[PDB]
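Heads up, the thing below is written out as structure tokens.
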Amino acid sequence: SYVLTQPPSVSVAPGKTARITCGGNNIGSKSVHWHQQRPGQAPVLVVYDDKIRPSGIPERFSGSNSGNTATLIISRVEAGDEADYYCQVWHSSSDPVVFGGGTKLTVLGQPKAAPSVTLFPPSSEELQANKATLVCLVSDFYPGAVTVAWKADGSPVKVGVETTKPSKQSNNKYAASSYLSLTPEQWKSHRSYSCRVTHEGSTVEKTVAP
Amino acid sequence: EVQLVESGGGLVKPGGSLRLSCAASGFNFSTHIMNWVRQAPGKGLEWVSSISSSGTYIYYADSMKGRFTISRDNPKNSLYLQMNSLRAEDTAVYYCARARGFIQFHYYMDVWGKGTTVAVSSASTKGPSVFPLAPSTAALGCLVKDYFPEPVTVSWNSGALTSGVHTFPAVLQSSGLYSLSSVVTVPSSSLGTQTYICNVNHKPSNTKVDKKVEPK
Amino acid sequence: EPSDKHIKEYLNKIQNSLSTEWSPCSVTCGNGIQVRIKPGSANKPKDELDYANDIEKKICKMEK
């Protein structure tokens with residue numbers, strides 16, 4: 001029941017210091033180890049026993065531990081340091097391996113990119129099959145985080161929505177998809193339906209109608 | 001190098017079983033603590049089990065005792081994880097890992113494999129329903145709806161159309177089925193003169209579909 | 001004197017070398033620790049040693 005607390009996300013610009021905190025009750029009295037999980041690859045131990053680098057880890061990786069807060073410090077951070085970092089301790093005989101929730105470190109190694117949005121209405125085929133799906137496609141955005149809302153006429157539609165996580169494209173920008181499922185009755189009952197995609201505090205709206 | 005290669009993952013039903021294997025190379029396997037750690041999708045690392053050199057000391061995470069059994073074969077340089085009575089929540093990548101130190105009071109994991117993928121789902125195998133997404137430079141595509149399991153392939157004009165094609169990753173629906181879309185961007189001049197067909201193939205169900213995409 | 005944490009981390013640092021013979025002092029200056037496997041427990045594989053019943057520790061005073 002011992003809990004290790006990490007911030008879900010830290011972004012940092014290249015060359016600057018990335019700092020990842022790990023909070024726990026009396027964590028200073030425990031040895032802290034840090035594992036790096038670069039996307040797709042095997043996790044790598046970057047620091048163990050609070051502050052010791054295994055052979056092969058660059059010297060820009062350092063750790064601290066005192067009181068209730070341990071920290072992983074990555075100086076002169078590089079795009080390749082972009083990863084999910086987990087702190088970890090031994091709590092007890094019956095709780096020998098406890099992980100933090102992980103911090104996703106984003107290294108902001110490219111400029112911002114505002115999303116392109118394509119919205120498709122239900123096909124006639126699908127309507128004849130008695131289903132209705134609206135498709136909102138979102139591409140070429142950076143950083144890789146968007147939110148997607150749907151509207152009918154003018155009101156929020158908070159049911160029947162399925163949205164993918166952002167995924168990195170071949171050009172290293174990101175894409176996402178959102179699907180709104182309706183009755184073919186609903187589709188015809190409303191004047192219009194809208195996809196609203198929000199990225200960095202600005203919003204794109206696309207609208208379709210029967 | 002030290003090498004840890006996991007195998008034996010796959011897709012099973014709730015109540016199903018799997019046996020994972022990890023083939024170790026590059027170190028004195030007989031002397032080291034070995035471990036399994038999993039990561040469920042969009043969740044964090046979660047330790048599964050540890051086993052000492054001689055197999056004498058074995059620990060499990062509370063949520064997994066009884067259903068998972070760890071074991072090793074030092075002459076074969078191999079670690080095993082027997083998973084029985086699998087639950088949807090056991091869907092994760094399972095990593096094999098070596099540790100240094102003392103299993104009873106101070107050890108740490110220092111080398112990890114790349115993982116093997118375990119999926120546990122109630123969904124039944126099913127080929128996709130495909131529908132055209134009509135252009136209303138213009139965009140058009142194909143909705144590949146409600147298939148299981150992954151993957152599906154999508155090509156345009158039997159492969160003759162490669163430029164401006166973007167097939168999006170699939171959404172996993174609460175139903176347990178996948179849907180995805182593929183869109184191609186073409187000139188408004190050609191629409192009417194030119195035919196556009198997406199070729200969808202779902203090998204788990206032997207479903208091949210060619211849908212023509214026309215405007216209204 | 002070093003805490004349990006720091007003795008355990010020292011044992012971790014010198015696991016390859018740990019013997020029935022007393023270890024070096026864990027420090028150059030000040031007060032450190034020395035460790036050894038209990039001579040009775042030398043048959044056990046290292047990764048399985050119990051901290052209380054199989055390892056022995058003693059303080060080592062050094063120059064301040």
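Just the heavy atoms: all of them, side chains too, but no hydrogens, waters or symmetry mates, feed the values below. Chain naming here is simple, since letters A, B, ... match the order of the sequence lines and numbering starts at 1 in each.
Minimum interatomic distance between C:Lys44 and C:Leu49 (heavy atoms only, all atoms of both residues): CB-CD2, 4.0 Å.
Cation-pi geometry between B:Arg72 and B:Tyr80 is not satisfied (NZ or CZ under 6.0 Å from the ring centre, within 45° of the ring normal).
For C:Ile14, no part lies near chain B; criterion is any non-hydrogen pair under 4.5 Å.
Going from atom OG of B:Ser85 over to atom CG of B:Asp90 covers 9.5 Å, rounded to the nearest 0.5 Å.
Within a 6.0 Å sphere centred on NZ of B:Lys203, heavy atoms belonging to other residues, nucleotides or ligands number 12 at most.
Between the side chains of B:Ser50 and B:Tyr107, at least one donor-acceptor pair of N or O atoms lies under 3.5 Å.
Of residues 96-103 of chain B, those residues lying under 4.5 Å from chain C by any heavy-atom pair are B:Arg100, B:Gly101, B:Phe102, B:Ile103.
Using cut-offs of 30° and 60° on the angle between ring planes, the pair B:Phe29 and B:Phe27 is tilted.
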